[PDB]
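Q: Contents are compact mmCIF, C-alpha atoms; file name upload-v5.txt:
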```txt
# COMPACT_ATOMS: atom_id res chain seq x y z
CA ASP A 2 36.05 -36.34 -74.31
CA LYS A 3 38.87 -34.38 -72.57
CA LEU A 4 37.07 -31.07 -73.20
CA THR A 5 33.79 -32.55 -71.81
CA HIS A 6 35.56 -33.38 -68.51
CA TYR A 7 37.37 -29.99 -68.40
CA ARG A 8 34.03 -28.17 -68.96
CA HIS A 9 32.23 -30.18 -66.24
CA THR A 10 35.12 -29.54 -63.75
CA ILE A 11 35.27 -25.75 -64.35
CA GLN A 12 31.50 -25.38 -63.91
CA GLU A 13 31.46 -27.42 -60.67
CA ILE A 14 34.45 -25.50 -59.28
CA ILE A 15 33.14 -22.03 -60.24
CA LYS A 16 29.68 -22.96 -58.84
CA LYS A 17 31.29 -24.19 -55.54
CA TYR A 18 33.14 -20.91 -54.87
CA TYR A 19 30.15 -18.75 -56.05
CA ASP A 20 27.80 -20.60 -53.62
CA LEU A 21 30.38 -20.41 -50.77
CA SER A 22 30.45 -16.55 -51.11
CA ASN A 23 26.61 -16.14 -50.90
CA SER A 24 25.53 -19.36 -48.98
CA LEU A 38 17.35 -4.44 -53.35
CA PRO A 39 18.73 -4.97 -56.95
CA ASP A 40 21.38 -2.12 -56.49
CA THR A 41 23.29 -3.36 -53.46
CA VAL A 42 26.50 -5.14 -54.59
CA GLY A 43 25.42 -8.68 -55.68
CA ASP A 44 27.22 -11.67 -57.23
CA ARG A 45 26.44 -12.87 -60.78
CA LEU A 46 27.55 -16.08 -62.50
CA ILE A 47 27.96 -15.99 -66.32
CA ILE A 48 28.57 -19.48 -67.82
CA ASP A 49 28.91 -19.83 -71.63
CA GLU A 50 29.42 -23.48 -72.70
CA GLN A 51 29.41 -22.54 -76.44
CA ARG A 52 32.40 -20.19 -76.08
CA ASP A 53 33.95 -21.91 -73.01
CA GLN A 54 33.83 -18.70 -70.93
CA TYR A 55 33.14 -19.03 -67.15
CA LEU A 56 32.91 -15.86 -65.03
CA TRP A 57 31.85 -14.70 -61.61
CA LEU A 58 31.59 -10.97 -60.96
CA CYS A 59 29.93 -8.68 -58.43
CA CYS A 60 28.00 -5.56 -59.47
CA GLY A 61 26.05 -2.77 -57.77
CA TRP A 62 26.49 0.39 -55.70
CA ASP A 63 28.24 0.92 -52.36
CA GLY A 64 26.62 4.29 -51.52
CA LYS A 65 27.71 6.59 -54.38
CA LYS A 66 30.58 4.23 -55.47
CA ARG A 67 29.94 2.01 -58.53
CA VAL A 68 31.14 -1.59 -57.93
CA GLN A 69 31.80 -3.83 -61.00
CA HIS A 70 34.47 -6.40 -60.20
CA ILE A 71 35.52 -9.76 -61.75
CA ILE A 72 36.09 -12.28 -58.93
CA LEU A 73 36.80 -15.51 -60.84
CA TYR A 74 37.35 -15.90 -64.62
CA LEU A 75 38.28 -19.06 -66.55
CA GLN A 76 38.24 -20.05 -70.21
CA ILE A 77 39.12 -23.07 -72.36
CA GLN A 78 41.24 -22.36 -75.49
CA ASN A 79 43.46 -24.69 -77.55
CA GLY A 80 42.40 -27.51 -75.19
CA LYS A 81 43.79 -25.72 -72.08
CA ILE A 82 42.24 -24.01 -69.05
CA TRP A 83 43.25 -20.37 -68.69
CA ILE A 84 42.82 -18.99 -65.17
CA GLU A 85 42.37 -15.27 -65.98
CA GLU A 86 41.30 -14.17 -62.47
CA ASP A 87 41.58 -16.16 -59.20
CA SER A 88 40.02 -15.29 -55.81
CA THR A 89 41.02 -18.65 -54.21
CA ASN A 90 44.85 -18.49 -53.72
CA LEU A 91 45.19 -21.42 -56.20
CA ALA A 92 42.66 -23.67 -54.36
CA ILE A 93 40.84 -23.98 -57.76
CA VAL A 94 44.09 -25.31 -59.35
CA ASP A 95 44.37 -27.81 -56.46
CA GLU A 96 40.80 -29.03 -57.26
CA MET A 97 41.65 -29.32 -61.03
CA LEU A 98 44.68 -31.54 -60.22
CA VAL A 99 42.44 -33.74 -57.95
CA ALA A 100 40.05 -33.93 -60.97
CA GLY A 101 42.98 -35.44 -63.05
CA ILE A 102 43.65 -32.32 -65.13
CA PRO A 103 47.44 -32.32 -65.90
CA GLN A 104 49.26 -29.10 -64.94
CA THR A 105 50.44 -28.59 -68.55
CA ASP A 106 46.71 -28.09 -69.44
CA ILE A 107 46.30 -25.33 -66.81
CA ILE A 108 47.64 -21.81 -67.64
CA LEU A 109 47.83 -18.99 -65.06
CA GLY A 110 46.64 -16.11 -67.33
CA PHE A 111 47.00 -13.66 -64.42
CA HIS A 112 50.84 -14.25 -64.08
CA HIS A 113 52.85 -12.68 -66.98
CA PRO A 114 53.86 -14.97 -69.98
CA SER A 115 57.58 -14.35 -69.15
CA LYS A 116 57.28 -16.43 -65.88
CA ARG A 117 55.83 -19.63 -67.56
CA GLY A 118 58.49 -20.71 -70.12
CA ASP B 2 6.95 -14.27 -75.01
CA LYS B 3 8.05 -10.88 -73.55
CA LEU B 4 11.21 -12.52 -72.10
CA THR B 5 12.07 -14.58 -75.26
CA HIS B 6 11.78 -11.40 -77.40
CA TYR B 7 14.00 -9.49 -74.90
CA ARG B 8 16.59 -12.35 -74.91
CA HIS B 9 16.72 -12.43 -78.75
CA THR B 10 16.92 -8.61 -78.91
CA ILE B 11 19.80 -8.15 -76.46
CA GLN B 12 21.75 -11.19 -77.90
CA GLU B 13 21.38 -9.73 -81.42
CA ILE B 14 22.47 -6.27 -80.08
CA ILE B 15 25.55 -7.52 -78.11
CA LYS B 16 26.77 -9.62 -81.12
CA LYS B 17 26.21 -6.65 -83.53
CA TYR B 18 28.50 -4.25 -81.59
CA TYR B 19 30.96 -7.12 -80.82
CA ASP B 20 31.34 -7.96 -84.58
CA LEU B 21 31.38 -4.23 -85.47
CA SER B 22 34.40 -3.64 -83.12
CA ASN B 23 36.52 -6.80 -83.97
CA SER B 24 36.06 -8.62 -87.37
CA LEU B 38 47.52 -15.58 -80.09
CA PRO B 39 45.94 -16.17 -76.58
CA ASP B 40 48.11 -13.82 -74.34
CA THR B 41 47.42 -10.58 -76.34
CA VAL B 42 44.60 -8.21 -75.33
CA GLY B 43 41.61 -9.81 -77.06
CA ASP B 44 37.85 -9.48 -76.85
CA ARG B 45 35.68 -12.32 -75.44
CA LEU B 46 31.85 -12.70 -75.52
CA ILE B 47 30.13 -14.47 -72.57
CA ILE B 48 26.43 -15.22 -73.16
CA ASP B 49 24.41 -17.09 -70.49
CA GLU B 50 20.77 -17.53 -71.63
CA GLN B 51 19.87 -19.67 -68.54
CA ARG B 52 20.94 -16.87 -66.12
CA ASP B 53 20.22 -13.91 -68.56
CA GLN B 54 23.77 -12.54 -68.26
CA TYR B 55 25.33 -11.12 -71.45
CA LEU B 56 28.88 -9.75 -71.30
CA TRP B 57 31.61 -8.52 -73.61
CA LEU B 58 35.08 -7.95 -72.15
CA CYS B 59 38.69 -7.65 -73.29
CA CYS B 60 41.49 -9.50 -71.52
CA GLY B 61 45.26 -9.96 -71.93
CA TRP B 62 48.60 -8.19 -71.51
CA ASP B 63 49.77 -4.80 -72.88
CA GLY B 64 53.51 -5.54 -72.25
CA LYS B 65 53.74 -5.82 -68.40
CA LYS B 66 50.22 -4.23 -67.94
CA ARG B 67 47.36 -6.65 -67.12
CA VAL B 68 44.18 -5.69 -69.06
CA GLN B 69 40.81 -7.08 -67.82
CA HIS B 70 38.05 -4.67 -68.83
CA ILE B 71 34.23 -4.97 -69.21
CA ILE B 72 33.09 -3.28 -72.48
CA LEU B 73 29.36 -4.11 -72.50
CA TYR B 74 27.32 -5.85 -69.81
CA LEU B 75 23.58 -6.50 -69.94
CA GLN B 76 21.28 -8.60 -67.75
CA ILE B 77 17.52 -9.35 -67.68
CA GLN B 78 16.24 -9.12 -64.07
CA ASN B 79 12.56 -9.07 -62.91
CA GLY B 80 11.39 -8.70 -66.54
CA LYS B 81 13.63 -5.64 -67.24
CA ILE B 82 16.86 -5.09 -69.22
CA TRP B 83 19.67 -3.70 -67.02
CA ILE B 84 22.49 -1.95 -68.95
CA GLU B 85 25.29 -2.36 -66.35
CA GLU B 86 28.13 -1.20 -68.66
CA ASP B 87 27.96 0.51 -72.04
CA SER B 88 30.63 1.48 -74.64
CA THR B 89 28.23 2.88 -77.36
CA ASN B 90 27.17 6.21 -75.68
CA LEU B 91 23.59 4.78 -75.51
CA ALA B 92 23.46 3.72 -79.24
CA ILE B 93 22.25 0.28 -77.97
CA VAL B 94 19.16 1.93 -76.32
CA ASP B 95 17.97 3.13 -79.77
CA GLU B 96 18.20 -0.48 -81.01
CA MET B 97 16.07 -1.72 -78.06
CA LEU B 98 13.37 0.97 -78.64
CA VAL B 99 13.36 0.06 -82.40
CA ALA B 100 12.83 -3.60 -81.25
CA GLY B 101 9.62 -2.53 -79.33
CA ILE B 102 11.19 -2.62 -75.85
CA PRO B 103 9.55 0.24 -73.89
CA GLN B 104 11.77 2.71 -71.93
CA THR B 105 10.07 1.53 -68.67
CA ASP B 106 11.73 -1.95 -69.18
CA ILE B 107 15.31 -0.48 -69.67
CA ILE B 108 17.39 0.39 -66.51
CA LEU B 109 20.73 2.22 -66.68
CA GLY B 110 22.49 0.24 -63.95
CA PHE B 111 25.66 2.29 -64.62
CA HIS B 112 23.72 5.46 -63.51
CA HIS B 113 23.44 5.78 -59.67
CA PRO B 114 19.85 4.71 -58.50
CA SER B 115 19.08 8.34 -57.47
CA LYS B 116 20.03 9.62 -61.02
CA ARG B 117 17.70 7.28 -63.05
CA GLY B 118 14.59 9.48 -62.91
CA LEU B 119 16.55 12.30 -64.69
CA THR B 120 16.65 10.21 -67.91
CA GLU B 121 13.58 8.73 -69.75
CA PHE B 122 14.32 5.09 -68.57
CA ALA B 123 13.26 2.91 -65.58
CA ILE B 124 14.59 3.37 -62.00
CA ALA B 125 13.99 -0.27 -60.88
```
Is it possible to express this structure as structure tokens?

A:
Amino acid sequence: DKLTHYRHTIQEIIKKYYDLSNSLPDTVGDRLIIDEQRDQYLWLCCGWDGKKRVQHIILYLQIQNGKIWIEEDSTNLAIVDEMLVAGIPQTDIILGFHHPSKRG
Amino acid sequence: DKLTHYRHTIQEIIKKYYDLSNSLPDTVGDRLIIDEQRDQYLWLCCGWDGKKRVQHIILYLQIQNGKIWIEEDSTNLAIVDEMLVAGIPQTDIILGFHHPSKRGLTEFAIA
């Protein structure tokens, strides 16, 4: 019930930001990797910038122990603002990217 | 038929090496991200090594234009042998981690 809502919200949010970024197969291109079974939601870019290999995680979220872990954020917390608007309590949102020491 | 076989093959391969390497939430741990709808298959590790943030792609495969793109590999091409044994021809395997101009040096596809 709660997890269904949390899943729907993450997918809509990640899809919004992915589409906002992008409106040959080797130029740096964005890829969305959504796994509903494992609750893993990731947006990366991959390709070549001349001779330089590009392989960079832009946005990464997961659901574990009924909470949303923001592992990588490209939005300056705009995604967290959207989660709060979607009724997700802040205690169910963890900032994986900021060290455990700063949360307790 | 070609695509469904390729999907099954690369999902079976990614899970094999994933299980083979690792058989609570803040520690550096491995995560598998399979997207059959978009044909994106990824294995990464993520967490904290003390104050050090770890967020590293281990294995990344995608199916694009009827070909398997190995974008990141941790097996020193051991996964290629498994694909050839599954009847995937070398012309349908692209080493995305090799620069486009380097691909013709090996026995695999350029694009």

Q: Considering only C-alpha atoms, return as a PyMOL selection string whatever protein or nucleic-acid residues lie within 9 Å of residue 100 of chain A, sequence-local ones (same chain, fewer than 6 positions apart) excluded.

A: chain A and resi 6-7+10

Q: Could you please tell me, as a ChimeraX atom specification, which residues of chain B have an atom within 10 Å of chain A when using all atoms listed in the file?

A: /B:39-40,45-56,60-62,64-71,76,78-79,85-86,110-115,125

Q: Mind checking which residues fall within 9 Å of residue 106 of chain A, counting only C-alpha atoms, ignoring those fewer than 2 positions away in the same chain, and posting them as a VMD selection string?

A: chain A and resid 80 to 83 102 to 104 108

Q: Calculate how many Å separate atom CA of residue 59 of chain A from atom CA of residue 22 of chain A, rounding to one decimal.

A: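 Spanning atom CA of residue 59 of chain A to atom CA of residue 22 of chain A is a straight-line distance of 10.8 Å.
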
Q: Please indicate the distance in Å from atom CA of residue 43 of chain B to atom CA of residue 12 of chain B, rounded to one decimal place.

A: 19.9 Å

Q: Between atom CA of residue 44 of chain B and atom CA of residue 57 of chain B, measure the distance and give it in Å to one decimal.

A: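 That distance, rounded to one decimal, is 7.1 Å.
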
Q: Find the residues around residue 6 of chain B up to 12 Å (all atoms listed in the file counted), leave out those fewer than 2 positions away in its own chain, and share them as a PDB file with C-alpha atoms, keeping the file's coordinate frame.

A:
```pdb
ATOM      1  CA  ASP B   2       6.950 -14.270 -75.010  1.00  0.00           C
ATOM      2  CA  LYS B   3       8.050 -10.880 -73.550  1.00  0.00           C
ATOM      3  CA  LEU B   4      11.210 -12.520 -72.100  1.00  0.00           C
ATOM      4  CA  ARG B   8      16.590 -12.350 -74.910  1.00  0.00           C
ATOM      5  CA  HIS B   9      16.720 -12.430 -78.750  1.00  0.00           C
ATOM      6  CA  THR B  10      16.920  -8.610 -78.910  1.00  0.00           C
ATOM      7  CA  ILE B  11      19.800  -8.150 -76.460  1.00  0.00           C
ATOM      8  CA  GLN B  12      21.750 -11.190 -77.900  1.00  0.00           C
ATOM      9  CA  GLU B  13      21.380  -9.730 -81.420  1.00  0.00           C
ATOM     10  CA  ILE B  77      17.520  -9.350 -67.680  1.00  0.00           C
ATOM     11  CA  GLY B  80      11.390  -8.700 -66.540  1.00  0.00           C
ATOM     12  CA  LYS B  81      13.630  -5.640 -67.240  1.00  0.00           C
ATOM     13  CA  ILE B  82      16.860  -5.090 -69.220  1.00  0.00           C
ATOM     14  CA  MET B  97      16.070  -1.720 -78.060  1.00  0.00           C
ATOM     15  CA  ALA B 100      12.830  -3.600 -81.250  1.00  0.00           C
ATOM     16  CA  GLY B 101       9.620  -2.530 -79.330  1.00  0.00           C
ATOM     17  CA  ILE B 102      11.190  -2.620 -75.850  1.00  0.00           C
TER      18      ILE B 102
END
```

Q: Would you compute an axis-aligned box for segment 82-90 of chain B, covering every atom listed for it in the file with 8 Å of margin on each side, and report centre and edge lengths in Å to one decimal as lines of an AutoDock Vina configuration file?

A:
```
center_x = 23.7
center_y = 0.6
center_z = -71.9
size_x = 29.8
size_y = 27.3
size_z = 27.0
```
